Novice: 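Below you will find the structure I want to go over with you.
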There are 2 protein chains.
Amino acid sequence: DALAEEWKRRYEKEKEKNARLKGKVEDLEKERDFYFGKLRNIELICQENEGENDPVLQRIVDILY
Amino acid sequence: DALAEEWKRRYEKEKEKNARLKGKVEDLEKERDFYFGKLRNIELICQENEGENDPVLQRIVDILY
Ligand SMILES: [Zn+2]
């Protein structure tokens, strides 16, 4: 009766929260992978130019690691 | 009665899910900010060396943007 309706409202409220959290997880994952992909692209650029011995690139490697 | 107990179990289950999603959101946010901070650190390194005209740095700027 009223005790069931009360809990249902709590379930649905918690269920709406779940839906919003699932959407934030998906958005944060895309963002993390996006920035992560850039770091791997830049790491590669640096690895190709290990022969330049550029002290700037070395700074950038330190930040990557 | 039994109808309330059933919904309670659904609320608690959904509530456990919420707790796990909140922890994943916090973990993904830390990771995203971590990688993001590195890109801003590297962007700065590049901006300091705009006078070198290094074509490698230009590659790295393109990846940053
Ligand atoms: Zn040079």
Side-chain angles (χ1 to χ4, degrees):
Chain A
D1 50 83
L3 180 65
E5 180 66 47
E6 199 176 36
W7 282 110
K8 185 187 69 181
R9 179 179 55 190
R10 291 165 184 176
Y11 158 80
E12 297 178 338
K13 176 187 177 191
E14 206 68 20
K15 190 184 80 65
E16 312 302 0
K17 207 166 184 175
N18 169 275
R20 283 183 269 276
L21 291 162
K22 278 180 170 180
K24 196 189 252 194
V25 160
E26 170 70 322
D27 292 349
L28 286 171
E29 216 179 14
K30 300 178 171 183
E31 291 172 357
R32 179 204 63 182
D33 302 345
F34 185 61
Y35 301 148
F36 183 72
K38 281 159 142 58
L39 292 167
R40 282 192 304 189
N41 292 352
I42 297 171
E43 174 184 21
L44 170 55
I45 295 184
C46 296
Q47 192 167 344
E48 301 173 336
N49 294 276
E50 282 181 327
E52 232 180 26
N53 198 24
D54 190 339
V56 178
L57 293 185
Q58 189 55 52
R59 289 194 66 188
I60 297 183
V61 172
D62 296 336
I63 295 177
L64 291 177
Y65 295 172
Chain B
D1 50 83
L3 180 65
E5 180 66 47
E6 199 176 36
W7 282 110
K8 185 187 69 181
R9 179 179 55 190
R10 291 165 184 176
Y11 158 80
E12 297 178 338
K13 176 187 177 191
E14 206 68 20
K15 190 184 80 65
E16 312 302 0
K17 207 166 184 175
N18 169 275
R20 283 183 269 276
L21 291 162
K22 278 180 170 180
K24 196 189 252 194
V25 160
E26 170 70 322
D27 292 349
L28 286 171
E29 216 179 14
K30 300 178 171 183
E31 291 172 357
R32 179 204 63 182
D33 302 345
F34 185 61
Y35 301 148
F36 183 72
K38 281 159 142 58
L39 292 167
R40 282 192 304 189
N41 292 352
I42 297 171
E43 174 184 21
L44 170 55
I45 295 184
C46 296
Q47 192 167 344
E48 301 173 336
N49 294 276
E50 282 181 327
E52 232 180 26
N53 198 24
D54 190 339
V56 178
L57 293 185
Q58 189 55 52
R59 289 194 66 188
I60 297 183
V61 172
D62 296 336
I63 295 177
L64 291 177
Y65 295 172

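A, B, ... follow the sequence lines: proteins, then strands. Residue 1 opens every chain. Heavy-atom basis, side chains included; hydrogens, waters and symmetry copies ignored.
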Novice: Is there a path of hydrophobic side-chain contacts, each under 4.5 Å between heavy atoms, that joins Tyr35(B) and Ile45(B)?
Specialist: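 Cluster IDs for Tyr35(B) and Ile45(B) match.
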Novice: For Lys38(B) versus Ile63(A), what's the shortest heavy-atom pair and its separation?
Specialist: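 That closest heavy-atom pairing would be CE-O, 3.0 Å.
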Novice: Can you tell me how far the CG atom of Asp1(B) sits from the CG atom of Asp1(A), to the nearest 0.5 Å?
Specialist: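 Taking CG in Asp1(B) and CG in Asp1(A), the distance rounds to 7.0 Å.
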Novice: Just so I understand: if I count every heavy-atom pair under 4.5 Å between each of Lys24(B), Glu12(B), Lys8(B) and chain A, which residue has the most?
Specialist: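 Highest number of pairs under 4.5 Å: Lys8(B).
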Novice: Using a 6.0 Å cut-off, check whether atom CD of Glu29(B) has over 12 heavy atoms from anything other than its own residue.
Specialist: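 Check passes, neighbour count above 12.
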Novice: Name the region of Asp27(B), side chain, backbone, both or neither, that has any atom closer than 4.5 Å to a heavy atom of chain A.
Specialist: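 Answer is neither: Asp27(B) stays 4.5 Å or more from chain A.
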Novice: Using non-hydrogen atoms only, which part of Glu6(B) is less than 4.5 Å away from chain A: side chain, backbone, both, or neither?
Specialist: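 Contact with chain A is absent: no heavy atom of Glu6(B) under 4.5 Å.
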Novice: Can you tell me how far the CD atom of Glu16(B) sits from the CD atom of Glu14(A), to the nearest 0.5 Å?
Specialist: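 It comes to 9.0 Å.
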Novice: Kindly compute the distance separating CD1 (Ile42(A)) from CG (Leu64(B)), expressed to the nearest 0.5 Å.
Specialist: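 So the gap between those two atoms works out to 4.5 Å.
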Novice: When heavy-atom pairs shorter than 4.5 Å are enumerated against chain A, which of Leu39(B), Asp33(B), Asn49(B) gives the highest number?
Specialist: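 Option with the top pair count is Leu39(B).
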Novice: Are any of the side-chain heavy atoms of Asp54(A) and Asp54(B) separated by less than 4.5 Å?
Specialist: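 Yes, their side chains come closer than 4.5 Å.
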Novice: Hey, any chance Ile60(A) and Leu44(A) share a hydrophobic cluster, counting ILVMFWY side chains that come within less than 4.5 Å of each other, even indirectly?
Specialist: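 No.
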Novice: Report which part of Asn41(B) has an atom under 4.5 Å of a heavy atom belonging to chain A: side chain, backbone, both, or neither.
Specialist: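 Backbone plus side chain of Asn41(B), per the 4.5 Å heavy-atom cut-off to chain A.
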Novice: Which answer fits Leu57(B), side chain, backbone, both or neither, if we ask what part of it has an atom under 4.5 Å from a heavy atom of chain A?
Specialist: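 Interface part for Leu57(B): side chain.
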Novice: With only heavy atoms counted, which part of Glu52(B) is less than 4.5 Å from chain A, the side chain, the backbone, both or neither?
Specialist: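 Only the side chain of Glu52(B) comes within 4.5 Å of chain A.
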Novice: With rounding to the nearest 0.5 Å, note down the distance linking OH in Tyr11(A) to CH2 in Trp7(B).
Specialist: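 Separation between the atoms: 6.0 Å.
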Novice: If I compare all heavy atoms of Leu21(B) with all of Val25(A), which pair ends up nearest, and what's the gap?
Specialist: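 Here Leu21(B) and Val25(A) meet closest at O-CG2, 4.2 Å.
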